[PDB]
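Chemist: This structure is in structure tokens; I'll ask about it shortly.
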Amino acid sequence: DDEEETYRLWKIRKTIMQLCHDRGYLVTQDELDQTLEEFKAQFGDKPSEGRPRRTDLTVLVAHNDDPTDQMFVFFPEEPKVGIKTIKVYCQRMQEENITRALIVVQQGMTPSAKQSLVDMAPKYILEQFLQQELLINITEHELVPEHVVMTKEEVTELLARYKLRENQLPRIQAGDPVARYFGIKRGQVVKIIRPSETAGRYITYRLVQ
Amino acid sequence: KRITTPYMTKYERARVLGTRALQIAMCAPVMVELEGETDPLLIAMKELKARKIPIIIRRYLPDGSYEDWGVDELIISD
Amino acid sequence: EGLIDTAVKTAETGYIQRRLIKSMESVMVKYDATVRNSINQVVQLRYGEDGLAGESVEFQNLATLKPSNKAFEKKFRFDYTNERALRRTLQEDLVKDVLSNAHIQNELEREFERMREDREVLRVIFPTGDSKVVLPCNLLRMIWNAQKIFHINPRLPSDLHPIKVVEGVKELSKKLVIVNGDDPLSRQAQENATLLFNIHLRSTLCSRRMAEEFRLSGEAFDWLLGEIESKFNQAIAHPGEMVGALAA
Amino acid sequence: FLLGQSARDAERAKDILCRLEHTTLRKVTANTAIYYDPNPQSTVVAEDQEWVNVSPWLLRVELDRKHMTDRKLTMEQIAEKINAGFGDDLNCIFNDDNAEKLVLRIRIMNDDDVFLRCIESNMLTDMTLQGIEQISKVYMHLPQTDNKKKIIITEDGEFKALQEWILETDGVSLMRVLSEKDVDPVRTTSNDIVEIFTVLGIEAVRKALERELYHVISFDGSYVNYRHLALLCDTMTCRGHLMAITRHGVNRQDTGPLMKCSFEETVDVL
Amino acid sequence: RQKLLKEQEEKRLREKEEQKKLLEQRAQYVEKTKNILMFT
């Protein structure tokens, strides 16, 4: 197709913006809710060998409070990206002081490449997303409550009021879709605000692991 | 800084009364006047109403601490 | 068919109940008032998310959910401007205090803004507009016990200052403690665990319903508040209670 | 749950239903007759159509009409999927959408005889003309109760249940469905708590599991307190994955061997 | 009424904070678009 790929490209980019806005980064309220028309007018409305070609709708956004903390959101054109393809993505992240990134593959990357994501891990955090999972914002679903990632100062205050070792909280595993939305890593507590029908609201905490 | 509930839960009342009545039946000196009865559970219940059971309750907390509460300190429920 | 299904039912459900009890037998309510298991991993932070046992809750109705934005106002609002209507409800030496005093009038207006905010909360908690809720104290039977105990006569004008209601409910919301503590983390959760009961309490013990509808005297109102808290404090889950064995 | 204007009219909700149900060629096809017609202009049949378009064996495939329309398909898309699925090793010569018979013609071009049979069976069972897989069939209901009716606070504060069209499938994908347009990606639930877990999360499985558990309990009118369902759905989802209530869910928990030997297996764990 | 006017002007202050944040994001996008360009 040509029209359907523009629709999908725009929906993916919108969900990426709502992600980078929830992860804490800085996105303008215009880029947050732009509509499909000015997405057509902005790039080319022609992905079938045209102007909104991928690796041109990529985005850089800097963190909200630390203006040196940036994150790329790349868009590979290889449906099945390889090691030789993320090697170059990481090769030109090194020209900057950017560490975080985000790869939106078209089909799964190769298991040969996923190691290069953990081998480069402590020095350059990057993560993948299939473009299929990004077609919707799952934090909008009505079953998914609200997730708030707690800061290290307040995890200690939580473990200290309940006198509770971090080993005794409920868990959420790192590959959870909502844990990968917020990009929490292991050993990081998530606050969850649930509407309760017997009490009205319930706040529960889950340790990533 | 005792933080537990100030009410005698219903499990503590069962165990305090059973234990106090065992101690009374083994000839322990009663803390209350007997208006003329002889069953040890009726006596232990009378003593509980007079808040004169000489027992304290050590409430372990899950981290390992504990709090002792005299029986005359907490509010008897039934 | 009924005789066949009875004989397969008996043996197929008796195994569900056994798998459930083995999976949940050691979950219980600690003196921490938190719900943990044998490894002391915390399962729920309060029993049932509100900290109350099930033998004492009842079925009530939320009044401020689903009237409409005008029926809510002409029922939970307490105008202090109509002078004729207040001599019908309040006695003569209270209708000047609410008709002149701007402190009392700011207080009464602020209370209605609080009810109006609780209303939006409720509409995000119970969408689909489902008024029936389960909650500890039966307030409307307590009000009715109060009218029969102090002989209310809802035909005479009452002597209950509309502000004694406003401030007595503020002082009662304090004595219903579920999460004890002065910590911010603990005040937040005490505020959450008693959020639906506090909304119900503030929506049936209004200043306006207590004067146009229940007609409680002052003495009956003190009895009523002592009764509400004494029942709430009986509803709290006892520590030691084996709740996973009940759930199974 | 349908999103926009599709939620009201049964006409614009019906093509959603078509865009979700699995249609292969076998549902639209009627008769498959391979032939050894050598000279493509010779056409052992009565068809003047090839003679306007211009290997010796074909697959005359005559389609169905009341099955081709009730899913609203044209021969251009079948012809396009028919070469996109097999590439340029074939040359479909479709009819027009004026004739009475809906005939396709395939020919190979580049153990040769059986090959049109070999590809006419892989193309017949599965060619997925239109829809997503695992969805076998999709009903279409208008809700009668207030349980699936849309509820909407009006502009005066009343609640006001709206009556919209909803779908109701038979297989499960849930990720390819939420992404479809004119499909509410907010209220499209799934009845399948292992589907929800890999899509939505572990905190969504807890809400879904309790809604399932409460549906199967209150179906017959009875009522179980809520405390007891929250606690079961909390122990099942407390360690971050779905812990079944079987010997593989609760014995893998680290409770200590004297407690696991009491449930099952009794010596294998000792 | 005066309190209503002060709350409205404060909402205008938050609008202006939005204006400065938007100019800020646009201001760094010109520096950054250079990095999406030189990246490829």
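Letters A, B, ... go to the chains of the structure tokens in the order shown; residues in each chain start at 1; ligands are counted from 1 in the same order.
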With the cut-off set at 8 Å and counting only C-alpha atoms, tabulate each residue of chain A with an atom at most that distance from an atom of chain E, showing the nearest atom pair and its distance in Å to one decimal, ordered by chain and increasing number, as a Markdown table.

Modeler:
| residue | atom | partner | partner_atom | distance |
| --- | --- | --- | --- | --- |
| A:26 | CA | E:25 | CA | 7.2 |
| A:27 | CA | E:25 | CA | 7.2 |
| A:28 | CA | E:22 | CA | 5.8 |
| A:29 | CA | E:22 | CA | 8.0 |
| A:55 | CA | E:40 | CA | 7.9 |
| A:56 | CA | E:36 | CA | 7.6 |
| A:58 | CA | E:36 | CA | 7.1 |
| A:59 | CA | E:36 | CA | 7.5 |
| A:60 | CA | E:32 | CA | 6.8 |
| A:92 | CA | E:39 | CA | 6.0 |

Chemist: If you run DSSP over the backbone, which residues in region 94-265 of chain D end up helix (DSSP H, G or I)? Put them as a PyMOL selection string.

Modeler: chain D and resi 113-125+175-178+195-199+202-218+227-236+247-250+257-260

Chemist: One number please: CA of residue 156 (chain D) to CA of residue 113 (chain C), in Å, one decimal.

Modeler: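 Atom-to-atom, CA of residue 156 (chain D) to CA of residue 113 (chain C), that is 17.5 Å.
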
Chemist: If you run DSSP on the backbone, which residues of region 40-199 of chain D are strand (DSSP E or B), as a list in words?

Modeler: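 Going through region 40-199 of chain D, the strand (DSSP E or B) residues come out as residues 58, 59, 60, 61, 62, 63, 90, 103, 104, 107, 108, 130, 139, 140, 141, 150, 151, 161, 162, 166, 167, 168 and 183 of chain D.
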
Chemist: Output N, CA and C atoms for every residue in that selection, as a tab-separated table (two decimals), in the first residue's frame.

Modeler:
chain	number	residue	atom	x	y	z
D	58	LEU	N	-3.84	-24.84	-16.96
D	58	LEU	CA	-4.39	-23.67	-16.31
D	58	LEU	C	-5.07	-24.10	-15.02
D	59	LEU	N	-5.70	-23.16	-14.34
D	59	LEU	CA	-6.64	-23.49	-13.28
D	59	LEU	C	-7.82	-22.59	-13.47
D	60	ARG	N	-8.78	-23.02	-14.23
D	60	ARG	CA	-9.97	-22.24	-14.29
D	60	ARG	C	-10.60	-22.38	-12.93
D	61	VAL	N	-10.76	-21.26	-12.24
D	61	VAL	CA	-11.36	-21.23	-10.92
D	61	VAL	C	-12.56	-20.33	-11.04
D	62	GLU	N	-13.74	-20.87	-10.87
D	62	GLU	CA	-14.91	-20.03	-10.94
D	62	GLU	C	-15.40	-19.77	-9.54
D	63	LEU	N	-15.59	-18.49	-9.26
D	63	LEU	CA	-15.76	-17.98	-7.91
D	63	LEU	C	-17.24	-18.02	-7.60
D	90	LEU	N	3.57	-16.92	-11.81
D	90	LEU	CA	2.21	-17.19	-12.25
D	90	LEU	C	1.66	-15.95	-12.91
D	103	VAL	N	-14.78	-16.10	-13.29
D	103	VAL	CA	-13.74	-17.08	-13.53
D	103	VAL	C	-12.36	-16.45	-13.45
D	104	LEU	N	-11.46	-17.12	-12.76
D	104	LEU	CA	-10.05	-16.79	-12.79
D	104	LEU	C	-9.37	-17.77	-13.70
D	107	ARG	N	-1.89	-19.64	-14.79
D	107	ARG	CA	-1.03	-20.45	-15.62
D	107	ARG	C	0.35	-20.35	-15.02
D	108	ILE	N	1.12	-21.40	-15.06
D	108	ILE	CA	2.48	-21.28	-14.63
D	108	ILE	C	3.22	-20.66	-15.79
D	130	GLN	N	-8.87	-11.68	3.19
D	130	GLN	CA	-9.41	-10.49	3.83
D	130	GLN	C	-9.73	-10.86	5.27
D	139	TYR	N	-19.46	-12.32	15.18
D	139	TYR	CA	-20.87	-11.99	15.25
D	139	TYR	C	-21.02	-10.49	15.24
D	140	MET	N	-22.23	-10.01	15.44
D	140	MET	CA	-22.49	-8.58	15.43
D	140	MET	C	-23.77	-8.37	16.20
D	141	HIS	N	-23.67	-7.81	17.37
D	141	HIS	CA	-24.81	-7.75	18.25
D	141	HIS	C	-25.13	-6.30	18.54
D	150	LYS	N	-22.99	1.63	25.75
D	150	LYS	CA	-22.11	2.72	26.06
D	150	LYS	C	-22.82	3.59	27.06
D	151	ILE	N	-22.14	3.99	28.12
D	151	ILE	CA	-22.68	4.91	29.10
D	151	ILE	C	-21.98	6.23	28.84
D	161	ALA	N	-27.44	5.57	28.93
D	161	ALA	CA	-26.88	4.49	28.12
D	161	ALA	C	-27.19	4.65	26.63
D	162	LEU	N	-26.15	4.67	25.80
D	162	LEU	CA	-26.27	4.69	24.35
D	162	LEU	C	-26.29	3.27	23.84
D	166	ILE	N	-21.82	-3.67	18.54
D	166	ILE	CA	-20.54	-4.23	18.95
D	166	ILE	C	-20.29	-5.50	18.17
D	167	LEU	N	-19.04	-5.90	18.09
D	167	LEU	CA	-18.69	-7.14	17.43
D	167	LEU	C	-18.47	-8.17	18.51
D	168	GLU	N	-18.14	-9.38	18.13
D	168	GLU	CA	-18.01	-10.44	19.13
D	168	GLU	C	-17.38	-11.65	18.48
D	183	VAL	N	-11.98	0.93	15.67
D	183	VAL	CA	-12.09	-0.04	16.74
D	183	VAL	C	-11.62	0.63	18.00

Chemist: Please provide the set of residues having any atom within 12 Å of residue 42 (chain C), restricted to only C-alpha atoms, with same-chain residues fewer than 5 positions apart removed, written as a VMD selection string.

Modeler: (chain A and resid 159 162 to 171 204 to 207) or (chain B and resid 62 to 63) or (chain C and resid 27 to 30 32 to 37 47) or (chain D and resid 231 234 to 235 238 to 239)

Chemist: Which residues come within 7 Å of residue 59 (chain C), counting only C-alpha atoms, excluding same-chain residues fewer than 4 positions away, as a list in words?

Modeler: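 Surrounding residues, per the criterion: residues 132, 133, 134 and 135 of chain C.
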
Chemist: Based on the selection just made, write N, CA and C atoms of those residues as a PDB file, in the first residue's frame.

Modeler:
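Output (part37.pdb):
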ATOM      1  N   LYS C 132     -25.238   1.191  43.854  1.00  0.00           N
ATOM      2  CA  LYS C 132     -25.194   0.259  44.978  1.00  0.00           C
ATOM      3  C   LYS C 132     -23.749  -0.004  45.329  1.00  0.00           C
ATOM      4  N   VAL C 133     -23.389   0.177  46.589  1.00  0.00           N
ATOM      5  CA  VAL C 133     -22.024   0.003  47.049  1.00  0.00           C
ATOM      6  C   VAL C 133     -22.091  -0.737  48.368  1.00  0.00           C
ATOM      7  N   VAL C 134     -20.975  -1.296  48.798  1.00  0.00           N
ATOM      8  CA  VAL C 134     -20.898  -2.045  50.045  1.00  0.00           C
ATOM      9  C   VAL C 134     -19.997  -1.305  51.007  1.00  0.00           C
ATOM     10  N   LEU C 135     -20.490  -0.989  52.193  1.00  0.00           N
ATOM     11  CA  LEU C 135     -19.763  -0.083  53.033  1.00  0.00           C
ATOM     12  C   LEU C 135     -20.071  -0.350  54.492  1.00  0.00           C
TER      13      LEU C 135
END

Chemist: Have a look at CA of residue 102 (chain D) and CA of residue 33 (chain D) and let me know their distance in Å, one decimal.

Modeler: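 Straight-line distance from CA of residue 102 (chain D) to CA of residue 33 (chain D) works out to 13.3 Å.
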
Chemist: Select, as a PDB file with C-alpha atoms, in the first residue's frame, those residues of chain B with any atom no more than 12 Å from chain C (distances computed using only C-alpha atoms).

Modeler:
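File out_28.pdb, as written:
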ATOM      1  CA  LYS B   1       5.356   4.332  69.972  1.00  0.00           C
ATOM      2  CA  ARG B   2       2.949   1.413  69.859  1.00  0.00           C
ATOM      3  CA  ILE B   3       1.279   1.336  66.481  1.00  0.00           C
ATOM      4  CA  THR B   4      -0.977  -1.657  66.627  1.00  0.00           C
ATOM      5  CA  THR B   5      -4.642  -1.491  67.048  1.00  0.00           C
ATOM      6  CA  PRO B   6      -5.787  -0.550  70.480  1.00  0.00           C
ATOM      7  CA  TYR B   7      -8.597  -3.082  70.529  1.00  0.00           C
ATOM      8  CA  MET B   8      -8.375  -6.631  71.729  1.00  0.00           C
ATOM      9  CA  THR B   9      -8.841  -8.733  68.690  1.00  0.00           C
ATOM     10  CA  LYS B  10     -11.203 -11.605  68.926  1.00  0.00           C
ATOM     11  CA  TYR B  11      -8.437 -14.143  68.856  1.00  0.00           C
ATOM     12  CA  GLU B  12      -6.699 -12.579  71.793  1.00  0.00           C
ATOM     13  CA  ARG B  13      -9.873 -12.728  73.737  1.00  0.00           C
ATOM     14  CA  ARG B  58       3.177  -9.707  72.921  1.00  0.00           C
ATOM     15  CA  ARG B  59       2.156  -8.773  69.431  1.00  0.00           C
ATOM     16  CA  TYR B  60       4.815  -9.721  67.006  1.00  0.00           C
ATOM     17  CA  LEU B  61       5.061  -7.528  63.984  1.00  0.00           C
ATOM     18  CA  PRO B  62       6.174  -8.906  60.685  1.00  0.00           C
ATOM     19  CA  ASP B  63       9.594  -7.298  60.598  1.00  0.00           C
ATOM     20  CA  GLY B  64      10.507  -8.959  63.842  1.00  0.00           C
ATOM     21  CA  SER B  65       9.671  -6.327  66.357  1.00  0.00           C
ATOM     22  CA  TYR B  66       6.975  -6.768  68.947  1.00  0.00           C
ATOM     23  CA  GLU B  67       4.802  -4.742  71.270  1.00  0.00           C
ATOM     24  CA  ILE B  75     -10.355  -2.049  74.779  1.00  0.00           C
ATOM     25  CA  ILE B  76     -12.314  -5.207  75.185  1.00  0.00           C
ATOM     26  CA  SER B  77     -14.703  -5.704  72.355  1.00  0.00           C
ATOM     27  CA  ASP B  78     -17.489  -8.083  73.422  1.00  0.00           C
TER      28      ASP B  78
END

Chemist: Could you name the residues that touch residue 256 (chain D) at 10 Å or less, counting only C-alpha atoms, but leaving out those on the same chain fewer than 4 positions away, as a PyMOL selection string?

Modeler: (chain C and resi 38-39) or (chain D and resi 251+260-261+269)

Chemist: Please dump the current selection as an mmCIF file, in the first residue's frame; keep N, CA, C and O atoms.

Modeler:
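out-v7.cif written:
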data_model
loop_
_atom_site.group_PDB
_atom_site.id
_atom_site.type_symbol
_atom_site.label_atom_id
_atom_site.label_comp_id
_atom_site.auth_asym_id
_atom_site.auth_seq_id
_atom_site.Cartn_x
_atom_site.Cartn_y
_atom_site.Cartn_z
ATOM 1 N N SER C 38 3.279 -16.680 54.052
ATOM 2 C CA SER C 38 4.193 -17.336 54.971
ATOM 3 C C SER C 38 5.616 -16.826 54.852
ATOM 4 O O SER C 38 6.351 -16.841 55.832
ATOM 5 N N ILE C 39 5.998 -16.327 53.693
ATOM 6 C CA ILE C 39 7.325 -15.840 53.405
ATOM 7 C C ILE C 39 7.366 -14.367 53.713
ATOM 8 O O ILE C 39 8.316 -13.673 53.365
ATOM 9 N N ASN D 251 3.612 -24.883 43.396
ATOM 10 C CA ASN D 251 4.770 -25.593 43.893
ATOM 11 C C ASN D 251 6.057 -24.982 43.420
ATOM 12 O O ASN D 251 7.101 -25.273 43.998
ATOM 13 N N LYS D 260 4.983 -27.853 50.284
ATOM 14 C CA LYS D 260 4.739 -28.349 48.946
ATOM 15 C C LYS D 260 4.492 -29.835 48.913
ATOM 16 O O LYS D 260 3.893 -30.328 47.962
ATOM 17 N N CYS D 261 4.977 -30.565 49.893
ATOM 18 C CA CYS D 261 4.775 -31.996 49.902
ATOM 19 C C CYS D 261 3.381 -32.352 50.348
ATOM 20 O O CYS D 261 3.000 -33.518 50.275
ATOM 21 N N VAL D 269 9.206 -33.622 45.599
ATOM 22 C CA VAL D 269 9.699 -32.384 46.160
ATOM 23 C C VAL D 269 10.534 -32.633 47.391
ATOM 24 O O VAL D 269 11.412 -31.835 47.707
#

Chemist: Specify as a PyMOL selection string all residues of chain C found within 8 Å of chain D, counting only C-alpha atoms.

Modeler: chain C and resi 19-20+22-24+38-39+43-44+47-49+54+66-70+127-129+244+246-248

Chemist: Report as a list in words the set of chain C residues whose atoms approach chain A to within 6 Å, with distances computed over only C-alpha atoms.

Modeler: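 For chain C, the answer reads residues 41, 42, 50, 125, 192, 193, 194, 195 and 196 of chain C.
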
Chemist: Filtering to C-alpha atoms, could you give me those residues as a JSON list (two decimals), in the first residue's frame?

Modeler:
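Below is the file that was written, part-v5.json:
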[["chain", "number", "residue", "atom", "x", "y", "z"],
["C", 41, "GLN", "CA", 5.84, -11.10, 51.14],
["C", 42, "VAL", "CA", 3.15, -8.48, 51.17],
["C", 50, "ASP", "CA", -9.97, -0.91, 52.73],
["C", 125, "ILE", "CA", -14.74, 5.30, 40.18],
["C", 192, "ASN", "CA", -7.35, 6.63, 50.03],
["C", 193, "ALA", "CA", -8.58, 3.77, 52.13],
["C", 194, "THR", "CA", -11.47, 5.70, 53.50],
["C", 195, "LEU", "CA", -12.36, 7.63, 50.40],
["C", 196, "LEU", "CA", -15.67, 6.06, 49.48]]

Chemist: Distance CA of residue 74 (chain B)-CA of residue 243 (chain C), one decimal place?

Modeler: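 According to the coordinates, CA of residue 74 (chain B) and CA of residue 243 (chain C) are separated by 23.6 Å.
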
Chemist: Compute the chain D side of the contact with chain A at 12 Å, counting only C-alpha atoms, and hand it back as a short mmCIF file (atom, residue, chain, number, x, y, z; two decimals) with N, CA, C and O atoms, in the first residue's frame.

Modeler:
data_model
loop_
_atom_site.label_atom_id
_atom_site.label_comp_id
_atom_site.auth_asym_id
_atom_site.auth_seq_id
_atom_site.Cartn_x
_atom_site.Cartn_y
_atom_site.Cartn_z
N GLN D 77 -8.23 -7.25 -6.21
CA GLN D 77 -7.47 -7.60 -5.02
C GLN D 77 -7.18 -9.08 -4.94
O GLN D 77 -6.11 -9.46 -4.47
N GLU D 80 -4.35 -9.55 -7.13
CA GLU D 80 -3.11 -8.97 -6.63
C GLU D 80 -2.52 -9.81 -5.52
O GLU D 80 -1.32 -10.07 -5.50
N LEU D 174 -6.28 -9.76 19.44
CA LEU D 174 -6.27 -8.66 20.40
C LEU D 174 -5.18 -7.66 20.15
O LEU D 174 -5.32 -6.50 20.53
N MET D 175 -4.12 -8.00 19.44
CA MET D 175 -3.18 -6.94 19.15
C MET D 175 -3.38 -6.44 17.75
O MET D 175 -3.21 -5.26 17.46
N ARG D 176 -3.71 -7.34 16.84
CA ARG D 176 -4.07 -6.92 15.51
C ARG D 176 -5.47 -6.37 15.44
O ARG D 176 -5.83 -5.80 14.43
N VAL D 177 -6.27 -6.54 16.47
CA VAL D 177 -7.59 -5.98 16.44
C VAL D 177 -7.59 -4.60 17.03
O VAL D 177 -8.18 -3.68 16.48
N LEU D 178 -6.92 -4.41 18.16
CA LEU D 178 -6.86 -3.08 18.71
C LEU D 178 -6.26 -2.10 17.74
O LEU D 178 -6.65 -0.93 17.73
N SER D 179 -5.35 -2.54 16.91
CA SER D 179 -4.72 -1.61 16.00
C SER D 179 -5.60 -1.28 14.81
O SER D 179 -5.24 -0.39 14.05
N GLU D 180 -6.71 -1.99 14.61
CA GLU D 180 -7.57 -1.68 13.48
C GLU D 180 -8.27 -0.36 13.69
O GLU D 180 -8.59 0.02 14.82
N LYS D 181 -8.54 0.34 12.61
CA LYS D 181 -9.21 1.61 12.77
C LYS D 181 -10.70 1.42 12.93
O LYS D 181 -11.26 0.41 12.51
N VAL D 183 -11.98 0.93 15.67
CA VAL D 183 -12.09 -0.04 16.74
C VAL D 183 -11.62 0.63 18.00
O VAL D 183 -10.52 1.18 18.03
N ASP D 184 -12.43 0.63 19.00
CA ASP D 184 -12.13 1.32 20.22
C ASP D 184 -10.92 0.64 20.83
O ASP D 184 -11.04 -0.49 21.30
N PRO D 185 -9.75 1.26 20.85
CA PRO D 185 -8.61 0.67 21.55
C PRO D 185 -8.61 0.96 23.04
O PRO D 185 -7.54 1.02 23.63
N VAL D 186 -9.76 1.25 23.60
CA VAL D 186 -9.90 1.52 25.01
C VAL D 186 -10.76 0.45 25.64
O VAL D 186 -10.56 0.11 26.80
N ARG D 187 -11.78 -0.01 24.95
CA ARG D 187 -12.72 -0.92 25.58
C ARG D 187 -12.78 -2.27 24.88
O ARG D 187 -13.69 -3.04 25.07
N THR D 188 -11.73 -2.62 24.16
CA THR D 188 -11.80 -3.86 23.41
C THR D 188 -11.12 -4.92 24.23
O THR D 188 -9.91 -5.04 24.22
N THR D 189 -11.90 -5.68 24.96
CA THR D 189 -11.38 -6.59 25.96
C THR D 189 -11.23 -7.97 25.33
O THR D 189 -11.31 -8.10 24.11
N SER D 190 -10.91 -9.00 26.10
CA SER D 190 -10.54 -10.21 25.40
C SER D 190 -10.85 -11.57 25.98
O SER D 190 -10.44 -12.54 25.35
N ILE D 193 -7.15 -14.66 29.41
CA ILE D 193 -6.22 -13.95 30.27
C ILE D 193 -4.78 -14.23 29.95
O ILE D 193 -3.91 -13.75 30.64
N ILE D 196 -4.20 -11.26 27.31
CA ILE D 196 -4.09 -9.96 27.92
C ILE D 196 -2.75 -9.76 28.57
O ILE D 196 -2.25 -8.65 28.64
N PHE D 197 -2.14 -10.82 29.04
CA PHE D 197 -0.93 -10.69 29.80
C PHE D 197 0.24 -10.30 28.95
O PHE D 197 1.17 -9.66 29.44
N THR D 198 0.27 -10.71 27.71
CA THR D 198 1.41 -10.45 26.88
C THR D 198 1.23 -9.20 26.09
O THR D 198 2.15 -8.76 25.42
N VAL D 199 0.06 -8.60 26.19
CA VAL D 199 -0.32 -7.47 25.38
C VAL D 199 -0.41 -6.31 26.33
O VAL D 199 0.29 -5.31 26.18
N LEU D 200 -1.26 -6.44 27.32
CA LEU D 200 -1.54 -5.38 28.25
C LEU D 200 -0.63 -5.34 29.46
O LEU D 200 -0.17 -4.27 29.80
N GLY D 201 -0.46 -6.40 30.20
CA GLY D 201 0.51 -6.32 31.27
C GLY D 201 0.16 -7.31 32.33
O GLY D 201 -0.63 -8.21 32.11
N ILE D 202 0.81 -7.18 33.48
CA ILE D 202 0.39 -7.96 34.64
C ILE D 202 -0.61 -7.21 35.48
O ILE D 202 -1.36 -7.81 36.24
N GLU D 203 -0.64 -5.90 35.42
CA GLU D 203 -1.65 -5.25 36.22
C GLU D 203 -2.98 -5.17 35.50
O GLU D 203 -4.00 -4.88 36.12
N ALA D 204 -2.97 -5.36 34.19
CA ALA D 204 -4.18 -5.57 33.45
C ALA D 204 -4.68 -6.98 33.56
O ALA D 204 -5.88 -7.18 33.52
N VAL D 205 -3.82 -7.97 33.71
CA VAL D 205 -4.34 -9.31 33.93
C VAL D 205 -5.06 -9.38 35.24
O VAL D 205 -5.95 -10.19 35.40
N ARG D 206 -4.70 -8.58 36.21
CA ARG D 206 -5.39 -8.74 37.45
C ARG D 206 -6.81 -8.24 37.36
O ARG D 206 -7.75 -8.91 37.79
N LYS D 207 -7.01 -7.13 36.68
CA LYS D 207 -8.35 -6.64 36.46
C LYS D 207 -9.14 -7.54 35.54
O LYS D 207 -10.30 -7.83 35.81
N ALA D 208 -8.54 -8.04 34.48
CA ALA D 208 -9.28 -8.94 33.63
C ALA D 208 -9.64 -10.23 34.33
O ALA D 208 -10.74 -10.73 34.17
N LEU D 209 -8.73 -10.79 35.09
CA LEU D 209 -9.01 -12.04 35.76
C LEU D 209 -10.13 -11.89 36.73
O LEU D 209 -10.94 -12.79 36.86
N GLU D 210 -10.21 -10.78 37.41
CA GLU D 210 -11.31 -10.62 38.34
C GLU D 210 -12.61 -10.34 37.63
O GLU D 210 -13.66 -10.73 38.10
N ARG D 211 -12.57 -9.69 36.48
CA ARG D 211 -13.84 -9.54 35.77
C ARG D 211 -14.32 -10.86 35.24
O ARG D 211 -15.52 -11.13 35.27
N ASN D 225 -18.52 -11.68 48.13
CA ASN D 225 -17.95 -10.41 48.49
C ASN D 225 -16.78 -10.11 47.60
O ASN D 225 -16.24 -10.97 46.94
N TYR D 226 -16.39 -8.87 47.56
CA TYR D 226 -15.31 -8.50 46.69
C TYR D 226 -13.96 -8.81 47.27
O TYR D 226 -13.03 -9.13 46.53
N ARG D 227 -13.83 -8.75 48.58
CA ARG D 227 -12.59 -9.05 49.24
C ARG D 227 -12.03 -10.34 48.82
O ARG D 227 -10.83 -10.49 48.77
N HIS D 228 -12.89 -11.31 48.60
CA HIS D 228 -12.42 -12.64 48.35
C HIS D 228 -12.02 -12.86 46.93
O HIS D 228 -11.43 -13.87 46.63
N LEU D 229 -12.41 -12.01 46.03
CA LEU D 229 -11.94 -12.10 44.67
C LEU D 229 -10.72 -11.26 44.46
O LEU D 229 -9.86 -11.61 43.66
N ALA D 230 -10.61 -10.16 45.16
CA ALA D 230 -9.37 -9.45 45.10
C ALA D 230 -8.25 -10.26 45.66
O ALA D 230 -7.15 -10.21 45.15
N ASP D 234 -5.05 -11.44 43.55
CA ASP D 234 -3.78 -10.90 43.97
C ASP D 234 -2.76 -11.97 44.21
O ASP D 234 -1.62 -11.80 43.81
N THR D 235 -3.11 -13.09 44.81
CA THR D 235 -2.11 -14.13 44.90
C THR D 235 -1.76 -14.68 43.54
O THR D 235 -0.63 -15.09 43.33
N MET D 236 -2.69 -14.71 42.59
CA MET D 236 -2.30 -15.27 41.31
C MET D 236 -1.33 -14.39 40.57
O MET D 236 -0.51 -14.89 39.81
N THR D 237 -1.39 -13.11 40.75
CA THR D 237 -0.56 -12.18 40.01
C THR D 237 0.38 -11.41 40.89
O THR D 237 0.72 -10.28 40.58
N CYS D 238 0.87 -11.99 41.95
CA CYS D 238 1.66 -11.26 42.93
C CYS D 238 3.13 -11.30 42.65
O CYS D 238 3.85 -10.45 43.13
N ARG D 239 3.63 -12.30 41.96
CA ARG D 239 5.04 -12.38 41.67
C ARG D 239 5.37 -11.96 40.26
O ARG D 239 6.44 -12.29 39.77
N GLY D 240 4.47 -11.29 39.58
CA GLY D 240 4.82 -10.69 38.34
C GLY D 240 4.51 -11.52 37.13
O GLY D 240 4.48 -10.99 36.04
N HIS D 241 4.31 -12.80 37.29
CA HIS D 241 3.75 -13.60 36.22
C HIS D 241 2.46 -14.22 36.69
O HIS D 241 2.08 -14.15 37.84
N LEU D 242 1.80 -14.88 35.77
CA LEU D 242 0.57 -15.58 36.04
C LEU D 242 0.82 -16.90 36.74
O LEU D 242 1.28 -17.85 36.11
#

Chemist: Could you pull the residues within 12 Å of residue 130 (chain A), counting only C-alpha atoms, minus those fewer than 4 positions along the same chain, as an MDAnalysis selection string?

Modeler: (chainID A and resid 12 16 74:76 79:81 102:109 134:136 177 180) or (chainID D and resid 175)

Chemist: Excluding same-chain residues fewer than 2 positions from residue 163 (chain C), what lies within 9 Å of it counting only C-alpha atoms, as a list in words?

Modeler: residues 98, 104, 107, 108, 160, 161, 165, 166, 167, 168 and 207 of chain C
